[PDB]
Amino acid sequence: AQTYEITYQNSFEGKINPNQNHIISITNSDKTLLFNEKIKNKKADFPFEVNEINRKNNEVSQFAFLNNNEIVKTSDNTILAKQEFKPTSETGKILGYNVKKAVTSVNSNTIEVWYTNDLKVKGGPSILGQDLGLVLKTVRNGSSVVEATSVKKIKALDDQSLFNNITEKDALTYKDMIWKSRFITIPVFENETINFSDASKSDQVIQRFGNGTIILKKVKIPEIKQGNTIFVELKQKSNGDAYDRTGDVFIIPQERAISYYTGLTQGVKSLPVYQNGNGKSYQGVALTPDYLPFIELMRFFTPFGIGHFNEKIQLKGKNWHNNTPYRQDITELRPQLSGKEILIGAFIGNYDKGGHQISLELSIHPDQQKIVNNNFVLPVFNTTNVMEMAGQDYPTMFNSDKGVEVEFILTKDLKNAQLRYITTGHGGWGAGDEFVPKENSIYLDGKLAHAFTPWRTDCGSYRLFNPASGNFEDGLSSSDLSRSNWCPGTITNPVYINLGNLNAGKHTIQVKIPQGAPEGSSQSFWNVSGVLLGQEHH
């Protein structure tokens, strides 16, 4: 068995790549090995794959190198048989050897494969056409070319030096484990129930507040560098609660003397009282010289009892989904997260013993994006009462004209400042602010900065997420109705309001909303948060 070594070269419409990692195919009548220069000279960055074909039984074995210790593999002897090739009369020479063209289609792609049977060994730059013979050239869609440069004779196929802990996996797991190695994942919660119960108590790992309605954890986040992206994935499913609850994944900033955590532990008494002149008072809503309101990573809304009520509520031609996914890009929040031992939590406003069930993850990805370039993060206000079942009043402050006014002070100048603004209107009846548009007005240093009327008109698209949605006499379901900037089973996007450049010193910011009057004991209220972003100087 003469062992041969074939080096390949990648072209794209003529453009030969300069510093390309040449594909290499070592091969003989028994085995064949597919890899490349960097993998050969141990210069390859993890993760990286290597293929081997045993010609005695066409068993294609893929080996994935995840890190310095662990390798995983998956085998299959049915790959080469499943490759359908149409033959053609076209022939020629590549590096002296006689070749024959053959054609195939992989998912609407036309692949031409030029192979030689001269050396009575098989090989190629990819899995494609391995059974035909020794593939010296492949052409994908006419444009992408992978042609062989040289074909040398070598001593022996020896892959022992390449390996010296292999674990055999199935195909799906093999692909998955490679994927998970490309980025950083930060588990937070897994199948944790969010409740309303007297029996709901905290434990060594997780802290629970508001009768199980609030979940909380201390997690360590690595130093994440400028350029990388960040996401927050949350999966949700009902465990008894049939209702249309307002959820919120949040973060407590303990940068100053008081924090929202002080509120959770010692009660809402310890939080600063905000007063509007409207007669009521509110807790932990605004920033003070030595207090910061919590930051909302992702404000979301549960559908009407997904999962739990699927078998119970049966409507013709409606296959309910099993759970609700949510992820939001939170790259803008890098500075508060990076290299931090931050307190993450989850809230779902709830009055049920069974309640909901949650699975929360963060993910950091190695990008070099230069679109979101903010250096600074400052939580200014947050009216949403996560402590709904813990003393905190509902945000009914917009009743008055002053609304939410916040004096804050910047120590350094701030470029391309903007406000991360999340808004949702509430009041669950026809004349309530859940179903009535109201113009939100944001003022900066007294001048009107931005005014818009938040209103979503697409809630009907998420019907199959809401099995327990109340059906009305007019033919509509509750989950179909247009609302003040939220739908059941979906995230509400922050609006990024441009504030231009801000000088150091005192700055005031104000939010005014024409809040609707209460009907019975029912009140209209506005869950509203604001976070200041920008690029510091000096």
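Numbering starts at 1 and follows the sequence shown.
Q: What number of residues from the deposited sequence go unmodelled in the gap from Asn164 to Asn165, classed as none, 1 to 3, 4 to 9, or 10 or more?
A: Going from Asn164 to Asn165, the model skips 1 to 3 residues of the deposited sequence.
Q: Using the B-factors recorded in the PDB entry, average over the C-alpha atoms of 142-150 and of 385-393, then report which stretch comes out higher.
A: Per the deposited B-factors, the answer is 142-150.
Q: Between 56-64 and 472-480, which has the larger average Cα B-factor in the PDB entry?
A: Per the deposited B-factors, the answer is 56-64.
Q: Can you pull the Cα B-factors for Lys180, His426, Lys218, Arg456 from the entry and say which is highest?
A: When the deposited C-alpha B-factors of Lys180, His426, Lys218, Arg456 are compared, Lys180 is largest.
Q: At the C-alpha atoms, which of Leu464, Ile409, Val106, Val249 reaches the highest B-factor in this entry?
A: When the deposited C-alpha B-factors of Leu464, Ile409, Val106, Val249 are compared, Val106 is largest.
Q: Among the modelled residues of its chain, does the C-alpha B-factor of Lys512 lie in the lowest, middle or highest third?
A: Lowest third.
Q: What third of the chain, by the recorded C-alpha B-factor, contains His450?
A: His450: CA B-factor falls in the lowest third of its chain.
Q: Divide the modelled residues of the chain into thirds by Cα B-factor and specify which third, lowest, middle or highest, holds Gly227.
A: It falls in the middle third of the chain.
Q: Hey, what third does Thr27 fall into on Cα B-factor, ranked over its chain?
A: Top third by C-alpha B-factor.
Q: Sorting the chain's modelled residues by C-alpha B-factor, tell me whether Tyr351 ends up in the lowest, middle or highest third.
A: For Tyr351, the deposited C-alpha B-factor lands in the highest third.
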